[PDB]
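A lone chain, given as structure tokens: the form deposited in one PDB entry.
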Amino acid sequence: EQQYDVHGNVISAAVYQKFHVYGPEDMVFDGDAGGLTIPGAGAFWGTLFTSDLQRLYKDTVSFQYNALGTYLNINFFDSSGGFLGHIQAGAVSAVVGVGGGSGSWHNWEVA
């Protein structure tokens, strides 16, 4: 796995969360999750680990997050459940629990 610095944010409505991540090569993750968590908003910093960045960006369709431990973990998956990489980030207090949903990466040409 190669490592990359990333940062992001989350807005929770308790059952729904919107995630953004700003990744290397000027790419942006937009993700829409369900999950059992506290409402609120926060920012995070962390590390993206992936053995194939371009594949992560092309093939990600879904994500899952877990805040039950010491960090915020975000895993990214393809349409066949293949694991494409993950982020280890500092904890955000609006994200307890686990959850997940759809998302994808895009460049600056897409809002």
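Just so we're on the same page, rigid core means the largest C-alpha set that superposes within 1.5 Å between forms. From 1 onward, residues are counted along the sequence shown.
Going by the B-factors listed in the PDB entry, is the mean over the C-alpha atoms higher for 63-71 or for 35-43?
In the deposited entry, the stretch with the higher C-alpha B-factor mean is 35-43.
53-61 versus 24-32: which one carries the higher mean Cα B factor per the record?
Per the deposited B-factors, the answer is 24-32.
Please place residue 97 in the lowest, middle or highest third of its chain according to the CA B-factor in the PDB entry.
Ranked within chain, residue 97 CA B lands in the highest tercile.
Among all modelled residues of this chain, ranked by Cα B factor, put residue 91 in the bottom, middle or top third, i.e. lowest, middle or highest.
Highest third, going by the recorded CA B-factors of the chain.
Although not depicted, the form deposited in another entry is the subject of the following passage.
Looking at 70, 54, 51, 79, which has a Cα shift of 2 angstroms or more between this form and the one not shown when the rigid core is held fixed?
The displaced C-alpha is that of 70.
Answer yes if the Cα of residue 21 shifts by 2 angstroms or more between this form and the one not shown on a rigid-core superposition, and no otherwise.
Shift at residue 21: below 2 Å after core fit.
On a rigid core superposition, would residue 91 pass a 2 Å threshold for CA movement between this form and the one not shown?
Indeed, residue 91 is displaced by 2 Å or more.
Superposing on the rigid core, I want to see if residue 31 changes position between this form and the one not shown - specifically a Cα shift of 2 Å or more.
False for residue 31: its C-alpha shift is below 2 Å.
Mind checking the CA-CA distance of residue 90 and residue 35 in the other form? It differs by 3 Å or more from this form, so is it closer or farther?
More distant in the other form, by 3 Å or more.
Answer with closer or farther for the CA-CA spacing of residue 43 and residue 91 in the other form compared to the shown form; it moves by 3 Å or more.
The answer is closer, because the C-alphas of residue 43 and residue 91 approach each other in the other form by 3 Å or more.
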